[PDB]
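Just one chain is shown here, as structure tokens, and it is the form deposited in one PDB entry.
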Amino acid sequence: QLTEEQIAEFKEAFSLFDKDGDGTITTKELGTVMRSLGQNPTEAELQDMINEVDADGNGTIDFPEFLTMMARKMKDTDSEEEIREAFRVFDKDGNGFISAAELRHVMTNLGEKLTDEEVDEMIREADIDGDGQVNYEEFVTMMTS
């Protein structure tokens, strides 16, 4: 279903949810991250999502569970539209570009502790054409690296 590399990337995503590092995601941990990315699910909508997938029955999501929770039947056109809404999460105002205070906006929300000189450096690394901002072309190059 997912390839070798794509599984490896979602494990690091998984780490963003599992803040306390016990290898398990709780309902509380699951909502925070969705929230911090501009989302509003109810304590009913999430628990229903956990239970459908909580095979081993222990009331928390492990990495195997997490992945099945990602997955669903869909077309190669609906899947790469996810990639574009992802690309649209960073761009707060919506002008086609992630600024330092914007790429920084996801960070603080996500709980990444950095400095402005660090932010500015992440930008510089993804900028293939040399302009100084990140295009969907680049995004996908980076994400898929």
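In this text, the rigid core denotes the largest set of C-alpha atoms whose superposition between the two forms falls within 1.5 Å. We number the residues from 1 along the sequence you see.
Form deposited in another entry: not shown, discussed below.
Core-aligned, does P64 move its Cα 2 Å or more between this form and the one not shown? No, the C-alpha position differs by under 2 Å between this form and the one not shown.
Is the C-alpha displacement of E85 equal to or greater than 2 Å between this form and the one not shown once the rigid core has been superposed? It does not, since the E85 C-alpha is displaced less than 2 Å between this form and the one not shown after the core fit.
Once the core is aligned, please say if the CA of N40 is shifted by at least 2 angstroms between this form and the one not shown. Yes; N40 is a residue whose C-alpha shifts (by 2 Å or more) between this form and the one not shown when the cores are overlaid.
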